[PDB]
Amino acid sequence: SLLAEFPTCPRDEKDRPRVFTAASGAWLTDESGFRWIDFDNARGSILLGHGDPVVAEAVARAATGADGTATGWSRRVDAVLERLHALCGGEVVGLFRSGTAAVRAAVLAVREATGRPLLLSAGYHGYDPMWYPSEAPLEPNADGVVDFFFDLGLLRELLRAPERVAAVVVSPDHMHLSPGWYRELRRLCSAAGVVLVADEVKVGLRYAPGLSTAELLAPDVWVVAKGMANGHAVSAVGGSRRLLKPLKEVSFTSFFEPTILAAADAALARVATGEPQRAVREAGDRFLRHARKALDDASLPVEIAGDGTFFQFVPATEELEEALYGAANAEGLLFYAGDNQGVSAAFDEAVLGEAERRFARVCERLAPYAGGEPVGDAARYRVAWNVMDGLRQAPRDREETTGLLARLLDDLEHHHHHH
């Protein structure tokens, strides 16, 4: 009861946080001694594995003072900046202490540099009150943000009068939006003459050694975080000197803290090769071939969206979704409940074999659900909203859009989110 916040974390059947006492690679141990295989991985910020030895040794050494001081500049600051700039492009780069801080700073900078008041947004951008929803949909909230819920129909309407729009700010999802969705967003922004900000806090550096939307969107400004430091407390923005000039006003006390620079430098050295990203895609795709087969062989109506990099279970009903995570928890498979699963590079052959055996047993426990009505679009929309906070791509008419927004938002009114 001391904690004033409500952090997203694995929680047990009583909604209490699970207490983990140790972690190594893919494996967590809880306070009771039970071993879990981690598909959550701090919401996909642990690309390399828990307690990765090279990152951990870099951090341990930096904690001694041997790599510099929080007092000021070290050559590792250059190393991190240079690596980011090489991977993600743009002219300048800034460093921040959370994704939330970075996206807020990025969009305010664009608002300042363009002199325009409105932000058109799709997806989650962090906990800051600036993103809190408006009273009426398609109306600006109190901080000048209009949420379009990934609907490019709605976006086209908003961009008819584009002169007040400072930027379109989008958190990509590559499970629920196709490449062509991104092409259309880009050309809607081009036609309107508006700035495009890619919030790649989650997806940046994970699909490839750069932005996931580098070619698809060629954003004017980008943000990354989860992929840059194997979980350590850093994020980054980059893009044009002109658009980001207002960032010259940013400074914070811990900027030079050397453990965080150490972890970023070490993780980004791995990220730059593209190897962990490939390892993760391959491991997760292996797990998926198996899980899809096991669900099909057991007649369970659960689809899987996405791929090895990030995948999501899409069960036909909420009661089956509940029973799925209950069963997984019983078997020590730690999924990020309802959201996307993001394996790490520590998912080696032995880990995969065990996760496959555990998943087979999950499917055995789910026997009562065999033969149920298959997955319908209503379920696909509800489950996708739980990862992207807006609408998956599918054909619909404007009235279907309105109805889905109304239903999806109403049903989340009195539930905690899991950002």
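The first residue of the shown sequence is 1; numbering continues from there.
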For the C-alpha atoms alone, is the average B factor greater in 121 to 129 or in 214 to 222, going by the entry? 214 to 222
Given 162 to 170 and 194 to 202, the range whose Cα B-factors average higher in the PDB entry: 162 to 170
Most elevated Cα B-factor in the entry, residues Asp339, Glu331, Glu135, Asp265: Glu135
Tell me, please, which of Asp389, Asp38, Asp377, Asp30 has the highest C-alpha B factor according to the deposited entry? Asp377
Which third of the chain holds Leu409 when residues are ordered by C-alpha B factor: lowest, middle or highest? highest
Just say lowest, middle or highest third for the CA B-factor of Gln277 relative to the other modelled residues in its chain. middle
Within this chain, which third does the Cα B-factor at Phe252 fall in: lowest, middle or highest? lowest
Quick check for you: using the entry's CA B-factors within this chain, is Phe313 in the lowest, middle or highest third? middle
Among all modelled residues of this chain, ranked by Cα B factor, put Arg83 in the bottom, middle or top third, i.e. lowest, middle or highest. middle
